[PDB]
Amino acid sequence: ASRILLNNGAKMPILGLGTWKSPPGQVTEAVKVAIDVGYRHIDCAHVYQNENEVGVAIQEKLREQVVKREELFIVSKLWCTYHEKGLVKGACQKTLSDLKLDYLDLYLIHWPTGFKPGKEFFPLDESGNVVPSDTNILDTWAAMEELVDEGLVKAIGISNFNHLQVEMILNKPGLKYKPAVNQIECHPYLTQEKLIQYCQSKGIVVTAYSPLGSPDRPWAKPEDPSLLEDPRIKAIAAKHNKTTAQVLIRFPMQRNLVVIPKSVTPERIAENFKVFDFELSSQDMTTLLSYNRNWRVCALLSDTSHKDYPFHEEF
Ligand SMILES: NC(=O)c1ccc[n+]([C@@H]2O[C@H](COP(=O)([O-])OP(=O)(O)OC[C@H]3O[C@@H](n4cnc5c(N)ncnc54)[C@H](OP(=O)(O)O)[C@@H]3O)[C@@H](O)[C@H]2O)c1
Ligand SMILES: O=C(O)Cn1ccc(=O)n(Cc2nc3cc(Cl)ccc3s2)c1=O
């Protein structure tokens with residue numbers, strides 16, 4: 001299928017467009033091209049500082065009668081500096097206003113960690129440590145629940161939560177909505193078998209981010225492993241007469257995951273969509289999973305001491 005069923009009864013397209021690091025100057029066109037070749041899910045975030053430009057793309061294609069809103073699946077994320085209960089609605093309404101939407105299909109707690117509230121997205125002390133806020137996961141969740149109850153969002157979830165932090169919400173006394181989705185880093189070098197096992201066994205859909213290894217991540221090192229340049233994957237792709245990326249995208253799809261590859265390059269936006277016309281074999285799958293090195297690209301070492309930092313646990 002092209003969409004997966006969420007616990008709120010809605011269907012989420014398994015392929016969406018990533019927008020982290022998509023420059024404002026270029027993401028409007030990115031989103032317009034994506035919608036034209038068939039993407040219906042867009043992954044956004046206030047912290048990406050481009051939601052206005054996404055918004056412009058979406059409104060235009062609506063008005064062009066290319067798509068209707070009910071066909072779109074728009075995701076955004078509550079940033080760490082807005083975890084306080086009194087800050088959540090405003091944060092959501094800023095995103096809705098930027099995107100020019102009257103609701104979000106899915107809204108996620110971006111990271112489990114709260115940061116000191118203020119203008120700066122990554123507030124630092126004088127020694128380079130990120131300054132936390134005195135917020136906890138459960139209170140933030142209750143604020144997320146309100147947004148559903150108020151019709152601002154159809155569904156809520158989490159992102160970058162380890163299985164203990166997921167359990168905390170699941171077991172929350174007086175829980176109103178279970179998380180629909182957990183959006184985590186996932187690719188052949190970080191295959192997340194245990195967390196995916198956990199999440200799926202709980203009826204929680206897993207979305208795979210940085211499926212191509214985020215080669216444009218601002219802290220990349222030349223010596224870092226590169227999925228897109230991996231000769232082993234290239235060979236699997238050539239066998240299927242597909243590109244390396246196409247394979248890297250088809251891989252999470254065959255694990256019953258949602259996947260959200262990012263591009264602002266029109267030809268790669270279309271390339272990345274052409275993944276519904278082939279299947280990776282059982283061996284292929286097995287082979288890609290064996291490349292796991294539990295290697296992640298998205299972490300924040302300056303925040304490792306946070307009580308809620310997620311990657312100290314095994315999964
Ligand atoms: N929840 C979170 O904490 C979190 C964290 C990280 C990412 N995510 C989400 O996941 C999305 C995807 O992850 P990502 O942006 O980190 O990286 P990604 O999708 O793994 O890779 C994006 C990089 O790959 C390039 N690229 C795209 N298609 C290509 C192709 N067919 N061939 C060769 N290169 C290609 C892009 O180049 P161009 O764009 O220049 O073409 C860009 O430099 C993000 O944009 C964001 O929406 C969520
Ligand atoms: O947030 C995004 O979607 C993209 N993104 C942007 C900047 C960046 O440094 N990172 C790494 C982070 N790691 C943590 C780790 C934790 Cl515990 C909290 C926040 C972050 S941010 C990043 O993933």
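We number each residue from 1, following the sequence as shown. Numbering of ligands and ligand atoms starts at 1, following listing order.
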Hydrophobic cluster identity match, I42 and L72, side-chain contacts under 4.5 Å: yes
Using the salt bridge (charged side-chain N to carboxylate O under 4.0 Å, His left out) definition, which of the options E53, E60, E64 pairs with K32? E60
Does only the side chain of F121 get under 4.0 Å from ligand 2, or the backbone, or both, or neither? Count heavy atoms. neither
Does ligand 1 have an atom that lies less than 4.0 angstrom from a heavy atom of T243? no
Side-chain donor-acceptor pair present, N50, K21, cut-off under 3.5 Å: no
Hey, does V264 come in under 3.5 Å of ligand 1, counting only N/O atoms on both sides? yes
Structural part of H110 in contact with ligand 2, heavy atom criterion under 4.0 angstrom: side chain
In the protein, what heavy atom is nearest to atom 10 (N) of ligand 2, and what distance, to one decimal place, separates them? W219 CH2, 3.3 Å
Should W111 be counted as touching ligand 2, given the test is an N or O pair under 3.5 Å? yes
With backbone taken as N, CA, C and O and side chain as the heavy atoms from C-beta onward, which portion of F122 lies under 4.0 Å from ligand 2: side chain, backbone, both, or neither? side chain
Check each heavy atom of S214 against ligand 1 and say whether those closer than 4.0 Å belong to the side chain, the backbone, both or neither. both
Atom 2 (C) of ligand 1: of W20, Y209, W111, the nearest heavy atom sits on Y209
Under 30°, 30 to 60°, or over 60°: which ring-plane class applies to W79 and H110, parallel, tilted or perpendicular? perpendicular
Of the options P261, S2, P252, which is the one that meets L15 in a side-chain contact (heavy atoms from CB on, under 4.5 Å)? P261
With backbone taken as N, CA, C and O and side chain as the heavy atoms from C-beta onward, which portion of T113 lies under 4.0 Å from ligand 2: side chain, backbone, both, or neither? side chain
Parallel, tilted or perpendicular, as decided by the 30° and 60° cut-offs, for the rings of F311 and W111: perpendicular
Location of contacts on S263 toward ligand 1, heavy atoms closer than 4.0 Å: both
Under 3.5 Å, is there a donor-acceptor pair between the side chain of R40 and the main chain of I35? yes
Does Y209, backbone or side chain, put an N or O under 3.5 Å from an N or O of ligand 2? no
heavy-atom search around atom 5 (N) of ligand 2 in the protein gives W20 CZ2, 3.6 Å
Answer yes when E271 and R268 have at least one side-chain N-carboxylate O distance shorter than 4.0 Å, and no when they do not. no
Side chain, backbone, both or neither: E271 near ligand 1, heavy atoms under 4.0 Å: side chain
Short version for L108: what comes under 4.0 Å of ligand 1, heavy atoms counted, is neither
For ligand 2, is there an atom lying under 4.0 Å from some heavy atom of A45? no
Taking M253 as the starting point, is it possible to reach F273 by hopping between hydrophobic residues whose side chains are less than 4.5 Å apart? yes
What protein heavy atom lies closest to atom 3 (O) of ligand 2? Include the residue and the distance to one decimal. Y48 OH, 2.6 Å
Minimum non-hydrogen distance to atom 33 (C) of ligand 1, winning option of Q246, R268, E267, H187: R268
Logged contact type for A299 with ligand 2, heavy-atom cut-off 4.0 Å, is backbone
